[PDB]
Structure formats: structure tokens, C-alpha cells
file work-v3.txt (compact mmCIF, N, CA and C atoms and all ligand atoms)
# COMPACT_ATOMS: atom_id res chain seq x y z
N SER D 42 0.37 0.35 24.33
CA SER D 42 0.92 -0.77 23.53
C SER D 42 1.03 -0.35 22.07
N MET D 43 1.97 -0.95 21.32
CA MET D 43 2.36 -0.51 19.96
C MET D 43 2.73 -1.69 19.06
N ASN D 44 2.09 -1.72 17.89
CA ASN D 44 2.41 -2.57 16.72
C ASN D 44 3.50 -1.90 15.91
N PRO D 45 4.41 -2.67 15.27
CA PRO D 45 5.35 -2.11 14.32
C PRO D 45 4.62 -1.79 13.02
N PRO D 46 5.23 -1.01 12.12
CA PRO D 46 4.69 -0.85 10.77
C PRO D 46 4.68 -2.23 10.12
N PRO D 47 3.71 -2.51 9.22
CA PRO D 47 3.66 -3.80 8.56
C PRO D 47 4.86 -4.01 7.65
N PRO D 48 5.11 -5.25 7.17
CA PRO D 48 6.15 -5.47 6.18
C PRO D 48 5.83 -4.68 4.90
N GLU D 49 6.88 -4.34 4.15
CA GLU D 49 6.82 -3.64 2.85
C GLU D 49 5.99 -4.47 1.86
N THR D 50 5.06 -3.85 1.14
CA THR D 50 4.26 -4.49 0.05
C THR D 50 4.41 -3.73 -1.27
N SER D 51 5.03 -2.56 -1.24
CA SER D 51 5.27 -1.68 -2.41
C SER D 51 6.70 -1.16 -2.31
N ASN D 52 7.46 -1.24 -3.39
CA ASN D 52 8.80 -0.61 -3.46
C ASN D 52 9.15 -0.40 -4.93
N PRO D 53 8.88 0.79 -5.51
CA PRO D 53 9.14 1.04 -6.93
C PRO D 53 10.57 0.73 -7.40
N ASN D 54 11.55 0.80 -6.50
CA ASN D 54 12.99 0.59 -6.83
C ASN D 54 13.40 -0.87 -6.59
N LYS D 55 12.51 -1.73 -6.10
CA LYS D 55 12.80 -3.19 -6.00
C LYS D 55 12.49 -3.83 -7.35
N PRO D 56 13.42 -4.62 -7.93
CA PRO D 56 13.13 -5.32 -9.18
C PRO D 56 12.09 -6.41 -8.94
N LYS D 57 11.24 -6.65 -9.94
CA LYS D 57 10.17 -7.67 -9.87
C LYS D 57 9.87 -8.22 -11.26
N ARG D 58 9.16 -9.34 -11.29
CA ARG D 58 8.75 -10.05 -12.53
C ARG D 58 7.35 -10.63 -12.35
N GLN D 59 6.67 -10.86 -13.48
CA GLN D 59 5.43 -11.66 -13.59
C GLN D 59 5.80 -12.98 -14.28
N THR D 60 5.78 -14.08 -13.52
CA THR D 60 6.23 -15.42 -13.98
C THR D 60 5.12 -16.44 -13.70
N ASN D 61 5.13 -17.56 -14.43
CA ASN D 61 4.13 -18.65 -14.27
C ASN D 61 4.23 -19.21 -12.84
N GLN D 62 5.43 -19.30 -12.26
CA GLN D 62 5.61 -19.80 -10.87
C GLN D 62 4.94 -18.83 -9.88
N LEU D 63 5.12 -17.52 -10.06
CA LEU D 63 4.47 -16.53 -9.16
C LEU D 63 2.95 -16.51 -9.39
N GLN D 64 2.49 -16.70 -10.63
CA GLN D 64 1.03 -16.78 -10.93
C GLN D 64 0.44 -17.98 -10.18
N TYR D 65 1.17 -19.09 -10.15
CA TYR D 65 0.78 -20.34 -9.44
C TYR D 65 0.69 -20.06 -7.94
N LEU D 66 1.67 -19.33 -7.39
CA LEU D 66 1.69 -19.00 -5.95
C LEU D 66 0.45 -18.17 -5.57
N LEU D 67 -0.08 -17.33 -6.47
CA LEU D 67 -1.32 -16.56 -6.18
C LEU D 67 -2.56 -17.42 -6.46
N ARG D 68 -2.65 -17.98 -7.66
CA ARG D 68 -3.88 -18.62 -8.21
C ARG D 68 -4.16 -19.94 -7.48
N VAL D 69 -3.10 -20.66 -7.10
CA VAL D 69 -3.21 -22.02 -6.48
C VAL D 69 -2.86 -21.93 -4.99
N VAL D 70 -1.65 -21.50 -4.63
CA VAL D 70 -1.16 -21.65 -3.23
C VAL D 70 -1.89 -20.67 -2.32
N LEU D 71 -1.82 -19.36 -2.59
CA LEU D 71 -2.46 -18.35 -1.71
C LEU D 71 -3.97 -18.62 -1.69
N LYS D 72 -4.58 -18.86 -2.86
CA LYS D 72 -6.05 -19.04 -2.98
C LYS D 72 -6.48 -20.23 -2.10
N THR D 73 -5.72 -21.33 -2.13
CA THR D 73 -6.06 -22.56 -1.37
C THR D 73 -6.02 -22.26 0.13
N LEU D 74 -4.96 -21.61 0.60
CA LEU D 74 -4.80 -21.36 2.05
C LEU D 74 -5.81 -20.29 2.51
N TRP D 75 -6.05 -19.26 1.69
CA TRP D 75 -6.90 -18.09 2.05
C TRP D 75 -8.34 -18.53 2.34
N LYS D 76 -8.86 -19.50 1.59
CA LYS D 76 -10.29 -19.90 1.69
C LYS D 76 -10.48 -20.92 2.82
N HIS D 77 -9.40 -21.42 3.42
CA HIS D 77 -9.43 -22.47 4.46
C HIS D 77 -10.12 -21.96 5.73
N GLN D 78 -10.80 -22.85 6.45
CA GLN D 78 -11.53 -22.49 7.70
C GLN D 78 -10.57 -21.98 8.78
N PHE D 79 -9.28 -22.29 8.68
CA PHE D 79 -8.27 -21.88 9.69
C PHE D 79 -7.42 -20.71 9.19
N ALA D 80 -7.78 -20.07 8.08
CA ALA D 80 -6.99 -18.96 7.49
C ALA D 80 -7.07 -17.69 8.33
N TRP D 81 -8.21 -17.43 8.98
CA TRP D 81 -8.52 -16.08 9.52
C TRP D 81 -7.41 -15.51 10.41
N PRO D 82 -6.71 -16.26 11.31
CA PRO D 82 -5.68 -15.63 12.13
C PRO D 82 -4.48 -15.13 11.32
N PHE D 83 -4.31 -15.66 10.11
CA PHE D 83 -3.12 -15.43 9.25
C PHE D 83 -3.43 -14.45 8.12
N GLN D 84 -4.64 -13.87 8.08
CA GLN D 84 -5.05 -13.03 6.92
C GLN D 84 -4.62 -11.57 7.11
N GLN D 85 -3.98 -11.24 8.23
CA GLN D 85 -3.48 -9.87 8.51
C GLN D 85 -2.34 -9.98 9.51
N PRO D 86 -1.50 -8.94 9.64
CA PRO D 86 -0.47 -8.93 10.68
C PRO D 86 -1.03 -9.24 12.07
N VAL D 87 -0.22 -9.88 12.90
CA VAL D 87 -0.55 -10.08 14.34
C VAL D 87 -0.72 -8.69 14.97
N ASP D 88 -1.92 -8.40 15.49
CA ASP D 88 -2.22 -7.14 16.21
C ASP D 88 -1.92 -7.37 17.69
N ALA D 89 -0.70 -7.03 18.12
CA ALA D 89 -0.20 -7.32 19.48
C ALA D 89 -1.00 -6.51 20.52
N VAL D 90 -1.57 -5.37 20.12
CA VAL D 90 -2.38 -4.51 21.04
C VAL D 90 -3.72 -5.20 21.30
N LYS D 91 -4.49 -5.48 20.25
CA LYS D 91 -5.85 -6.07 20.38
C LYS D 91 -5.76 -7.46 21.01
N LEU D 92 -4.73 -8.24 20.67
CA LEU D 92 -4.58 -9.64 21.13
C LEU D 92 -3.89 -9.69 22.50
N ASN D 93 -3.45 -8.55 23.04
CA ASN D 93 -2.76 -8.47 24.36
C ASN D 93 -1.55 -9.40 24.35
N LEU D 94 -0.67 -9.22 23.36
CA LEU D 94 0.59 -9.98 23.21
C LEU D 94 1.74 -8.99 23.20
N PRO D 95 2.01 -8.27 24.32
CA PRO D 95 3.02 -7.23 24.31
C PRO D 95 4.44 -7.74 24.02
N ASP D 96 4.68 -9.04 24.21
CA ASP D 96 6.00 -9.67 23.95
C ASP D 96 6.11 -10.18 22.51
N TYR D 97 5.06 -10.13 21.68
CA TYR D 97 5.08 -10.80 20.35
C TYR D 97 6.26 -10.28 19.52
N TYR D 98 6.40 -8.96 19.42
CA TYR D 98 7.41 -8.32 18.54
C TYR D 98 8.76 -8.17 19.25
N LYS D 99 8.88 -8.64 20.50
CA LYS D 99 10.19 -8.89 21.16
C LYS D 99 10.76 -10.21 20.66
N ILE D 100 9.89 -11.18 20.38
CA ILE D 100 10.29 -12.58 20.03
C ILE D 100 10.33 -12.74 18.51
N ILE D 101 9.38 -12.12 17.80
CA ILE D 101 9.25 -12.24 16.32
C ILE D 101 9.78 -10.95 15.68
N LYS D 102 10.94 -11.04 15.04
CA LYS D 102 11.66 -9.88 14.44
C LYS D 102 11.47 -9.84 12.92
N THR D 103 10.92 -10.90 12.31
CA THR D 103 10.57 -10.94 10.86
C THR D 103 9.10 -11.32 10.74
N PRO D 104 8.16 -10.42 11.11
CA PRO D 104 6.74 -10.72 11.02
C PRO D 104 6.33 -11.00 9.58
N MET D 105 5.39 -11.92 9.39
CA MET D 105 4.82 -12.19 8.05
C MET D 105 3.44 -12.80 8.22
N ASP D 106 2.55 -12.52 7.27
CA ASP D 106 1.14 -12.97 7.30
C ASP D 106 0.67 -13.09 5.86
N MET D 107 -0.45 -13.78 5.64
CA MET D 107 -0.97 -14.00 4.27
C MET D 107 -1.57 -12.72 3.69
N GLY D 108 -2.04 -11.78 4.52
CA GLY D 108 -2.50 -10.47 4.01
C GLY D 108 -1.36 -9.78 3.28
N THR D 109 -0.18 -9.76 3.89
CA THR D 109 1.04 -9.17 3.29
C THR D 109 1.42 -9.95 2.02
N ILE D 110 1.43 -11.27 2.09
CA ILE D 110 1.82 -12.11 0.91
C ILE D 110 0.83 -11.87 -0.23
N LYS D 111 -0.48 -11.82 0.07
CA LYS D 111 -1.53 -11.57 -0.94
C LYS D 111 -1.27 -10.22 -1.63
N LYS D 112 -0.97 -9.17 -0.86
CA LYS D 112 -0.67 -7.82 -1.40
C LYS D 112 0.59 -7.90 -2.28
N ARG D 113 1.63 -8.59 -1.82
CA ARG D 113 2.91 -8.71 -2.57
C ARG D 113 2.66 -9.43 -3.90
N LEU D 114 1.83 -10.47 -3.91
CA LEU D 114 1.53 -11.23 -5.15
C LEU D 114 0.69 -10.36 -6.09
N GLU D 115 -0.35 -9.72 -5.57
CA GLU D 115 -1.32 -8.93 -6.39
C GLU D 115 -0.64 -7.68 -6.94
N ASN D 116 0.33 -7.11 -6.21
CA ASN D 116 1.02 -5.85 -6.60
C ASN D 116 2.38 -6.17 -7.23
N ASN D 117 2.64 -7.43 -7.59
CA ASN D 117 3.85 -7.88 -8.33
C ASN D 117 5.10 -7.33 -7.64
N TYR D 118 5.29 -7.69 -6.37
CA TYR D 118 6.40 -7.22 -5.50
C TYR D 118 7.63 -8.11 -5.69
N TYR D 119 7.42 -9.37 -6.05
CA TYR D 119 8.48 -10.42 -6.02
C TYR D 119 9.25 -10.49 -7.34
N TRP D 120 10.52 -10.85 -7.23
CA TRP D 120 11.40 -11.23 -8.36
C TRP D 120 11.20 -12.71 -8.70
N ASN D 121 11.09 -13.59 -7.70
CA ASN D 121 10.99 -15.05 -7.98
C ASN D 121 10.10 -15.75 -6.96
N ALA D 122 9.76 -17.00 -7.24
CA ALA D 122 8.90 -17.84 -6.38
C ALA D 122 9.56 -18.06 -5.02
N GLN D 123 10.88 -18.23 -4.96
CA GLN D 123 11.60 -18.53 -3.69
C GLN D 123 11.38 -17.39 -2.68
N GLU D 124 11.31 -16.14 -3.14
CA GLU D 124 11.06 -14.97 -2.25
C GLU D 124 9.69 -15.12 -1.58
N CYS D 125 8.69 -15.57 -2.34
CA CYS D 125 7.30 -15.74 -1.86
C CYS D 125 7.22 -16.97 -0.95
N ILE D 126 7.81 -18.08 -1.39
CA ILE D 126 7.87 -19.34 -0.58
C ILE D 126 8.51 -19.03 0.78
N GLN D 127 9.55 -18.20 0.81
CA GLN D 127 10.23 -17.84 2.08
C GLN D 127 9.25 -17.09 2.97
N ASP D 128 8.43 -16.20 2.41
CA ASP D 128 7.43 -15.44 3.21
C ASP D 128 6.46 -16.42 3.87
N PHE D 129 5.93 -17.40 3.14
CA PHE D 129 5.02 -18.41 3.74
C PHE D 129 5.75 -19.13 4.89
N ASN D 130 6.99 -19.55 4.64
CA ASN D 130 7.74 -20.37 5.63
C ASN D 130 8.06 -19.50 6.84
N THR D 131 8.33 -18.21 6.65
CA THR D 131 8.54 -17.25 7.77
C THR D 131 7.26 -17.19 8.61
N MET D 132 6.10 -17.07 7.96
CA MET D 132 4.81 -16.99 8.67
C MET D 132 4.62 -18.24 9.54
N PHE D 133 4.84 -19.43 8.98
CA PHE D 133 4.65 -20.69 9.74
C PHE D 133 5.66 -20.76 10.89
N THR D 134 6.94 -20.52 10.59
CA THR D 134 8.03 -20.59 11.60
C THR D 134 7.74 -19.62 12.75
N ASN D 135 7.32 -18.39 12.45
CA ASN D 135 6.98 -17.40 13.52
C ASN D 135 5.95 -18.01 14.46
N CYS D 136 4.92 -18.63 13.90
CA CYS D 136 3.83 -19.24 14.69
C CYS D 136 4.41 -20.31 15.62
N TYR D 137 5.29 -21.16 15.11
CA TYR D 137 5.85 -22.31 15.87
C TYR D 137 6.83 -21.81 16.94
N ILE D 138 7.56 -20.74 16.65
CA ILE D 138 8.57 -20.16 17.58
C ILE D 138 7.85 -19.46 18.74
N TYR D 139 6.79 -18.71 18.46
CA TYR D 139 6.12 -17.89 19.49
C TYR D 139 5.25 -18.78 20.40
N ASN D 140 4.55 -19.76 19.82
CA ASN D 140 3.47 -20.52 20.50
C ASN D 140 4.02 -21.84 21.04
N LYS D 141 3.15 -22.67 21.61
CA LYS D 141 3.50 -23.99 22.21
C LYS D 141 2.85 -25.10 21.40
N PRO D 142 3.44 -26.31 21.37
CA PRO D 142 2.84 -27.43 20.64
C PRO D 142 1.41 -27.67 21.14
N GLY D 143 0.48 -27.93 20.22
CA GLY D 143 -0.91 -28.26 20.55
C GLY D 143 -1.77 -27.03 20.79
N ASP D 144 -1.18 -25.83 20.87
CA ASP D 144 -1.96 -24.56 20.90
C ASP D 144 -2.85 -24.52 19.66
N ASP D 145 -4.06 -23.98 19.77
CA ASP D 145 -5.01 -23.88 18.63
C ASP D 145 -4.30 -23.24 17.43
N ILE D 146 -3.59 -22.14 17.64
CA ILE D 146 -2.96 -21.38 16.53
C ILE D 146 -1.93 -22.26 15.81
N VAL D 147 -1.24 -23.14 16.54
CA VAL D 147 -0.22 -24.06 15.97
C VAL D 147 -0.93 -25.14 15.15
N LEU D 148 -2.03 -25.70 15.66
CA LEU D 148 -2.83 -26.70 14.90
C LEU D 148 -3.33 -26.06 13.60
N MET D 149 -3.74 -24.80 13.64
CA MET D 149 -4.22 -24.06 12.45
C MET D 149 -3.06 -23.88 11.47
N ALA D 150 -1.90 -23.43 11.94
CA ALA D 150 -0.69 -23.26 11.09
C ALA D 150 -0.32 -24.60 10.45
N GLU D 151 -0.36 -25.69 11.22
CA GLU D 151 0.04 -27.03 10.73
C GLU D 151 -0.89 -27.46 9.59
N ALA D 152 -2.19 -27.18 9.71
CA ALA D 152 -3.18 -27.56 8.67
C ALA D 152 -2.89 -26.77 7.39
N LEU D 153 -2.63 -25.47 7.51
CA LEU D 153 -2.31 -24.60 6.34
C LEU D 153 -0.97 -25.04 5.73
N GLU D 154 0.02 -25.36 6.57
CA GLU D 154 1.36 -25.77 6.09
C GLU D 154 1.24 -27.08 5.31
N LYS D 155 0.41 -28.02 5.76
CA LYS D 155 0.24 -29.31 5.04
C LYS D 155 -0.22 -29.02 3.61
N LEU D 156 -1.21 -28.14 3.44
CA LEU D 156 -1.74 -27.79 2.10
C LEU D 156 -0.67 -27.03 1.31
N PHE D 157 0.03 -26.11 1.96
CA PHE D 157 1.14 -25.34 1.34
C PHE D 157 2.15 -26.32 0.73
N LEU D 158 2.57 -27.30 1.51
CA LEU D 158 3.63 -28.25 1.08
C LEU D 158 3.12 -29.08 -0.10
N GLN D 159 1.86 -29.50 -0.05
CA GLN D 159 1.22 -30.27 -1.14
C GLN D 159 1.25 -29.43 -2.42
N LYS D 160 0.89 -28.15 -2.34
CA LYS D 160 0.81 -27.28 -3.54
C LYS D 160 2.22 -26.95 -4.05
N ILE D 161 3.20 -26.65 -3.19
CA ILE D 161 4.59 -26.29 -3.61
C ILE D 161 5.27 -27.51 -4.24
N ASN D 162 4.88 -28.70 -3.79
CA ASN D 162 5.41 -29.97 -4.37
C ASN D 162 5.17 -29.97 -5.89
N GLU D 163 4.10 -29.32 -6.36
CA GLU D 163 3.70 -29.32 -7.79
C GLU D 163 3.90 -27.94 -8.41
N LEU D 164 4.79 -27.12 -7.83
CA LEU D 164 5.20 -25.83 -8.44
C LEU D 164 5.65 -26.12 -9.87
N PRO D 165 5.06 -25.47 -10.90
CA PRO D 165 5.44 -25.75 -12.28
C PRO D 165 6.88 -25.31 -12.57
N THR D 166 7.51 -25.93 -13.57
CA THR D 166 8.81 -25.49 -14.14
C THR D 166 8.59 -24.12 -14.79
N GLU D 167 9.61 -23.26 -14.76
CA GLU D 167 9.59 -21.91 -15.38
C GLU D 167 9.29 -22.04 -16.88
N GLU D 168 8.43 -21.16 -17.41
CA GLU D 168 8.09 -21.07 -18.86
C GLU D 168 9.08 -20.12 -19.55
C1 LIG R 1 -0.26 -16.03 19.05
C2 LIG R 1 -1.00 -15.73 17.78
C3 LIG R 1 -2.27 -15.27 17.78
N1 LIG R 1 -2.96 -15.08 18.92
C4 LIG R 1 -4.42 -14.97 19.01
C5 LIG R 1 -5.17 -16.14 18.41
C6 LIG R 1 -4.86 -17.44 18.79
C7 LIG R 1 -5.52 -18.52 18.24
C8 LIG R 1 -6.50 -18.32 17.30
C9 LIG R 1 -6.83 -17.04 16.89
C10 LIG R 1 -6.18 -15.93 17.44
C11 LIG R 1 -6.62 -14.57 17.00
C12 LIG R 1 -6.57 -14.20 15.66
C13 LIG R 1 -7.00 -12.94 15.26
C14 LIG R 1 -7.52 -12.06 16.18
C15 LIG R 1 -7.61 -12.43 17.50
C16 LIG R 1 -7.17 -13.68 17.91
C17 LIG R 1 -2.87 -15.03 16.50
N2 LIG R 1 -2.29 -15.21 15.37
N3 LIG R 1 -1.00 -15.68 15.41
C18 LIG R 1 -0.39 -15.91 14.10
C19 LIG R 1 -0.29 -15.97 16.55
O1 LIG R 1 0.86 -16.42 16.49
call {"tool": "encode", "arguments": {"input": "work-v3.txt", "output": "C-alpha cells"}}
result
Amino acid sequence: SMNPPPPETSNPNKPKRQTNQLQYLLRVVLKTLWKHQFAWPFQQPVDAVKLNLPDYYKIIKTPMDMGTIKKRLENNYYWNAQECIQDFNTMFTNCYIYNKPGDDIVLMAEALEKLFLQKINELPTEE
């Protein structure tokens, strides 16, 4: 069994910025979700070998996880907040597409998404 390489977290030729909106996405949004009791399944890429999910990467073609998002925020990978917000939404959507309603992993994603939506609702205006 085989995992794909993780998503890119470093690219010297990709343009990037340090902005108050991206600082908020690390300091408020990522920090809030990361410390949550249901964060652990989302803190690293889905390991299809260890989890015995040989079909995972047949169904999910844009993998994303909070470990990758945390690295992208800490290593200033992003140009804007929308790029980072899309990564969170990709992570949640992948969970809902692969799994079934009421599955433990879906209940965990739903709890994290509720907090995500609450925090993004108060995304500050650009300075
Ligand atoms: C389908 C799927 C996963 N499957 C396993 C799982 C399921 C529920 C809770 C926890 C884990 C887990 C987490 C880490 C290690 C071992 C099991 C796990 N994560 N995601 C995002 C999934 O979609």
C-alpha cells in the first residue's frame, strides 16, 4: 500500500505575503481548531496504509489537513487569506465526500467546521 507525497508547504518561486488576515488565520483560526479535542485526525495527512483505506486517494484527489495548513501559515506559503480558507474548506469537504453522515470522523469535522465558520465570520479587514 502507498500514500502520495504530501501537499506542497515550501515553494521559493511561489509569491507570498505576511498580512493581518493571514496572522489571524494562524493566531485565531488554526490555534482554535488545533487545540480542540477532535483535532487529532486532522493534524496530519490521512495515512491510507496505517488506516487501511486503500481507496482513500482514489476518491480524494486534493488531500488537505491542518498539519499542512499549519506548516503553510508558519512558513508564510500563502499570498492571501482566501488561499488558506480554501485549504480548510478542502479538508472539511474531503471528509464529507469520503465518509458517511453520522460517522465519528464526520461529527469531528462538523464540530471543527462550526468553530472555523465562527472565527472566519470575524476575519479582520486588511490593514
Ligand atoms: C476516513 C478518515 C479517517 N479514518 C480513520 C479515523 C476515523 C475516525 C476517527 C479517527 C480516525 C483516525 C485518525 C488518525 C489515525 C487513525 C485513525 C481519518 N481521518 N480522516 C480525515 C478521514 O477522512
call {"tool": "residues_near_ligand", "arguments": {"input": "work-v3.txt", "ligand": "ligand LIG 1 (chain R)", "cutoff": "6.5 Å", "atoms": "only N, CA and C atoms and all ligand atoms", "output": "PyMOL selection string"}}
result
chain D and resi 81-83+87+91-92+135-136+139-140+145-146
call {"tool": "closest_residue", "arguments": {"input": "work-v3.txt", "among": "D:156, D:128, D:143, D:89", "to": "residue 73 of chain D", "atoms": "all atoms listed in the file"}}
result
D:156
call {"tool": "closest_residue", "arguments": {"input": "work-v3.txt", "among": "D:137, D:148, D:142, D:125", "to": "residue 63 of chain D", "atoms": "all atoms listed in the file"}}
result
D:125
call {"tool": "atom_distance", "arguments": {"input": "work-v3.txt", "atom1": "atom CA of residue 45 of chain D", "atom2": "atom CA of residue 58 of chain D"}}
result
28.2 Å
call {"tool": "closest_residue", "arguments": {"input": "work-v3.txt", "among": "D:163, D:46, D:158, D:67", "to": "residue 110 of chain D", "atoms": "only N, CA and C atoms"}}
result
D:67
call {"tool": "atom_distance", "arguments": {"input": "work-v3.txt", "atom1": "atom CA of residue 162 of chain D", "atom2": "atom CA of residue 55 of chain D"}}
result
27.8 Å
call {"tool": "select_by_dssp", "arguments": {"input": "work-v3.txt", "residues": "chain D", "states": "alpha helix (DSSP H)", "output": "PyMOL selection string"}}
result
chain D and resi 61-65+72-75+97-100+107-115+122-139+145-161
call {"tool": "closest_residue", "arguments": {"input": "work-v3.txt", "among": "D:106, D:49, D:88, D:96", "to": "residue 75 of chain D", "atoms": "only C-alpha atoms"}}
result
D:106
call {"tool": "atom_distance", "arguments": {"input": "work-v3.txt", "atom1": "atom CA of residue 134 of chain D", "atom2": "atom CA of residue 53 of chain D"}}
result
28.5 Å
call {"tool": "residues_around", "arguments": {"input": "work-v3.txt", "residues": "residue 104 of chain D", "least_positions_apart": "5", "cutoff": "7 Å", "atoms": "only N, CA and C atoms", "output": "short mmCIF file (atom, residue, chain, number, x, y, z; two decimals) with N, CA and C atoms, in the frame of the given file"}}
result
data_model
loop_
_atom_site.label_atom_id
_atom_site.label_comp_id
_atom_site.auth_asym_id
_atom_site.auth_seq_id
_atom_site.Cartn_x
_atom_site.Cartn_y
_atom_site.Cartn_z
N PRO D 48 5.11 -5.25 7.17
CA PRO D 48 6.15 -5.47 6.18
C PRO D 48 5.83 -4.68 4.90
N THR D 131 8.33 -18.21 6.65
CA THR D 131 8.54 -17.25 7.77
C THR D 131 7.26 -17.19 8.61
N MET D 132 6.10 -17.07 7.96
CA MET D 132 4.81 -16.99 8.67
C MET D 132 4.62 -18.24 9.54
#
call {"tool": "closest_residue", "arguments": {"input": "work-v3.txt", "among": "D:161, D:69, D:42, D:51", "to": "residue 116 of chain D", "atoms": "all atoms listed in the file"}}
result
D:51
call {"tool": "closest_residue", "arguments": {"input": "work-v3.txt", "among": "D:74, D:100, D:50, D:44", "to": "residue 112 of chain D", "atoms": "all atoms listed in the file"}}
result
D:50
call {"tool": "axis_aligned_box", "arguments": {"input": "work-v3.txt", "around": "segment 68-86 of chain D", "padding_each_side": "3 Å", "output": "AutoDock Vina command-line options"}}
result
--center_x -6.0 --center_y -15.9 --center_z 2.0 --size_x 17.1 --size_y 19.9 --size_z 26.3
call {"tool": "decode", "arguments": {"input": "work-v3.txt", "residues": "segment 99-162 of chain D", "atoms": "C-alpha atoms", "output": "PDB file, in the first residue's frame"}}
result
ATOM      1  CA  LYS D  99      -8.781   7.081  -5.483  1.00  0.00           C
ATOM      2  CA  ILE D 100     -11.701   9.236  -4.153  1.00  0.00           C
ATOM      3  CA  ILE D 101      -9.774  12.248  -2.684  1.00  0.00           C
ATOM      4  CA  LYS D 102      -7.602  13.936  -5.388  1.00  0.00           C
ATOM      5  CA  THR D 103      -6.967  17.227  -3.425  1.00  0.00           C
ATOM      6  CA  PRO D 104      -5.838  15.970   0.026  1.00  0.00           C
ATOM      7  CA  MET D 105      -5.579  18.608   2.798  1.00  0.00           C
ATOM      8  CA  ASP D 106      -5.058  18.521   6.594  1.00  0.00           C
ATOM      9  CA  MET D 107      -4.340  21.027   9.405  1.00  0.00           C
ATOM     10  CA  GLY D 108      -0.696  19.810   9.685  1.00  0.00           C
ATOM     11  CA  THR D 109      -0.175  21.050   6.087  1.00  0.00           C
ATOM     12  CA  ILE D 110      -2.142  24.306   6.750  1.00  0.00           C
ATOM     13  CA  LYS D 111      -0.115  24.935   9.989  1.00  0.00           C
ATOM     14  CA  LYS D 112       3.179  24.490   8.008  1.00  0.00           C
ATOM     15  CA  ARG D 113       1.888  26.789   5.184  1.00  0.00           C
ATOM     16  CA  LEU D 114       0.931  29.528   7.738  1.00  0.00           C
ATOM     17  CA  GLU D 115       4.169  29.204   9.822  1.00  0.00           C
ATOM     18  CA  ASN D 116       6.401  29.125   6.654  1.00  0.00           C
ATOM     19  CA  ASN D 117       4.494  32.083   5.004  1.00  0.00           C
ATOM     20  CA  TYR D 118       3.397  29.989   1.944  1.00  0.00           C
ATOM     21  CA  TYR D 119       0.188  31.966   1.170  1.00  0.00           C
ATOM     22  CA  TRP D 120      -0.437  35.148  -0.876  1.00  0.00           C
ATOM     23  CA  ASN D 121      -3.884  35.815   0.716  1.00  0.00           C
ATOM     24  CA  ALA D 122      -6.433  34.607   3.323  1.00  0.00           C
ATOM     25  CA  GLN D 123      -8.722  33.076   0.603  1.00  0.00           C
ATOM     26  CA  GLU D 124      -5.919  30.559  -0.334  1.00  0.00           C
ATOM     27  CA  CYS D 125      -5.787  29.403   3.339  1.00  0.00           C
ATOM     28  CA  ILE D 126      -9.619  29.449   3.810  1.00  0.00           C
ATOM     29  CA  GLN D 127      -9.854  27.218   0.667  1.00  0.00           C
ATOM     30  CA  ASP D 128      -7.395  24.711   2.276  1.00  0.00           C
ATOM     31  CA  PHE D 129      -9.637  24.441   5.413  1.00  0.00           C
ATOM     32  CA  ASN D 130     -12.768  24.032   3.228  1.00  0.00           C
ATOM     33  CA  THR D 131     -10.969  21.367   1.091  1.00  0.00           C
ATOM     34  CA  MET D 132     -10.103  19.450   4.310  1.00  0.00           C
ATOM     35  CA  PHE D 133     -13.765  19.521   5.516  1.00  0.00           C
ATOM     36  CA  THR D 134     -15.223  18.704   2.031  1.00  0.00           C
ATOM     37  CA  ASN D 135     -12.797  15.725   1.617  1.00  0.00           C
ATOM     38  CA  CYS D 136     -14.057  14.330   4.963  1.00  0.00           C
ATOM     39  CA  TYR D 137     -17.753  14.701   3.918  1.00  0.00           C
ATOM     40  CA  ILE D 138     -17.155  13.246   0.385  1.00  0.00           C
ATOM     41  CA  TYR D 139     -15.184  10.157   1.579  1.00  0.00           C
ATOM     42  CA  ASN D 140     -17.226   9.288   4.740  1.00  0.00           C
ATOM     43  CA  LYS D 141     -20.960   8.757   5.589  1.00  0.00           C
ATOM     44  CA  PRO D 142     -23.297  11.026   7.618  1.00  0.00           C
ATOM     45  CA  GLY D 143     -23.051  10.336  11.390  1.00  0.00           C
ATOM     46  CA  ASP D 144     -19.594   8.638  11.070  1.00  0.00           C
ATOM     47  CA  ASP D 145     -17.375   9.691  14.047  1.00  0.00           C
ATOM     48  CA  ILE D 146     -14.896  11.435  11.659  1.00  0.00           C
ATOM     49  CA  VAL D 147     -17.798  13.484  10.109  1.00  0.00           C
ATOM     50  CA  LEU D 148     -19.096  14.528  13.593  1.00  0.00           C
ATOM     51  CA  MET D 149     -15.488  15.612  14.412  1.00  0.00           C
ATOM     52  CA  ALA D 150     -15.180  17.586  11.102  1.00  0.00           C
ATOM     53  CA  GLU D 151     -18.613  19.227  11.744  1.00  0.00           C
ATOM     54  CA  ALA D 152     -17.510  20.394  15.247  1.00  0.00           C
ATOM     55  CA  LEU D 153     -14.242  21.891  13.845  1.00  0.00           C
ATOM     56  CA  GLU D 154     -16.133  23.470  10.872  1.00  0.00           C
ATOM     57  CA  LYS D 155     -18.630  25.165  13.270  1.00  0.00           C
ATOM     58  CA  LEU D 156     -15.697  26.874  15.092  1.00  0.00           C
ATOM     59  CA  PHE D 157     -13.965  27.630  11.738  1.00  0.00           C
ATOM     60  CA  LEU D 158     -17.112  29.404  10.437  1.00  0.00           C
ATOM     61  CA  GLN D 159     -17.496  31.379  13.729  1.00  0.00           C
ATOM     62  CA  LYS D 160     -13.836  32.582  13.500  1.00  0.00           C
ATOM     63  CA  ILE D 161     -13.895  33.380   9.681  1.00  0.00           C
ATOM     64  CA  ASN D 162     -17.123  35.386  10.280  1.00  0.00           C
TER      65      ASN D 162
END
